Amino acid sequence: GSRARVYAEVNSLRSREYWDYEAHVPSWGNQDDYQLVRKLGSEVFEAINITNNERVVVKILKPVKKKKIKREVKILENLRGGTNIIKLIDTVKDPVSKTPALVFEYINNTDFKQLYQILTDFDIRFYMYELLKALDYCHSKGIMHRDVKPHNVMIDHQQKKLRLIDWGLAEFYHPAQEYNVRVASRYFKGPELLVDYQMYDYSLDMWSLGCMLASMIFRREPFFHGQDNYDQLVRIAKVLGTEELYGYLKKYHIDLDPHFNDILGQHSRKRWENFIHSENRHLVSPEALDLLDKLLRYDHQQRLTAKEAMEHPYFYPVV
Ligand SMILES: O=C(O)c1cccnc1
């Protein structure tokens with residue numbers, strides 16, 4: 001099949017305890033230590049630690065999902081202290097219902113729908129670079145996020161702080177492992193997911209990041225706007241090209257779902273310059289498009305790693 005180009009073996013250098021999350025036994029404190037005051041900005045609340053009066057964020061989990069709770073807790077613990085990764089403060093249970101919850105550092109977020117409209121060229125370079133630091137970090141620890149999207153990138157624009165959140169879909173990368181392709185959120189799903197290729201890796205997060213970069217510099221949010229998972233691939237092919245899609249599938253011996261036969265159509269590859277017009281011209285540059293082209297490409301294995309992306313000339317002003 002395929003393997004990752006950069007942190008392929010990191011989990012083989014770990015003790016089984018590190019990645020065997022089904023065996024992890026969280027220590028559950030008492031949620032009564034927390035006063036849940038308001039909804040944050042889903043089942044996430046602003047809270048006050050009653051002991052020290054510190055503001056935190058409490059995320060209530062779904063009690064019946066044992067595997068995923070252990071997986072999210074283990075991954076968050078493995079990543080603790082990672083650059084721009086949301087800090088898990090505590091793991092607690094409500095003493096009556098026994099429902100598990102996670103306690104996180106508080107970040108005063110600006111909704112991306114408003115924030116992205118005032119970002120400058122420099123701002124986009126700055127925050128993308130910060131997000132790349134988080135991805136390079138978690139990839140280096142053998143973990144794929146699998147849900148990179150604007151809602152999961154909290155930004156405090158006052159303090160210039162960025163935190164990558166919601167590790168509920170994150171998984172450990174093991175070479176040749178076959179994963180669930182029904183992950184991420186529709187607009188940010190990589191083509192490997194949409195064609196049911198299960199042997200994917202960290203490069204999935206780099207596709208999602210590319211989708212974010214495209215929506216920020218082009219002001220088309222989301223950039224690939226599929227109406228369903230099938231149409232999502234069609235939207236991508238209208239840009240990257242249909243013959244190019246087939247080349248990708250041939251290289252990895254992927255059979256295309258026959259449903260695509262009559263909806264895919266025929267589309268030549270578009271040059272990224274095609275998406276420039278007066279409303280986004282001040283966010284676009286040749287270096288932006290060169291980076292983008294090396295992220296949003298079918299071949300997951302040839303996509304830039306997070307570290308390679310960080311070395312790109314697009315980030316020279318923020319390095
Ligand atoms: O990890 C999460 O889901 C999270 C963390 C802080 C704030 N909102 C969500």
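Residue numbers start at 1 and run along the sequence shown. Atoms within each ligand, like the ligands themselves, are counted from 1 in listed order. The figures that follow rest on heavy atoms only: side chains count, while hydrogens, waters and symmetry mates do not.
Close contacts between ligand 1 and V57 involve ligand atoms 6 (C), 7 (C) [criterion: under 4.0 Å to a heavy atom]. Short contacts between ligand 1 and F104, defined as distances under 4.0 Å to a heavy atom of the residue, involve ligand atoms 1 (O), 2 (C), 5 (C).
No option in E192, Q301, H300, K251 other than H300 meets the side chain to side chain donor-acceptor pair (under 3.5 Å) test with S2.
Under the 30°/60° scheme for interplanar angles, the aromatic rings of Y179 and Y200 are found to be tilted. Between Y7 and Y202, the angle of the ring planes goes over 60°, which puts this pair in the perpendicular group of the 30/60° scheme.
Geometrically, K141 engages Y137 in a cation-pi contact defined by less than 6.0 Å to the ring centre and at most 45° from the axis. The side-chain tip of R55 points at the ring of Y106 from less than 6.0 angstrom away and within 45° of straight on.
Taking atom 9 (C) of ligand 1 as the reference point, the nearest protein heavy-atom neighbour is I165 CD1, 3.6 Å. Counting protein heavy atoms only, atom 3 (O) of ligand 1 is closest to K59 NZ, 2.9 Å.
Between atom 1 (O) of ligand 1 and the options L40, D166, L88, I85, the minimum heavy-atom separation is to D166.
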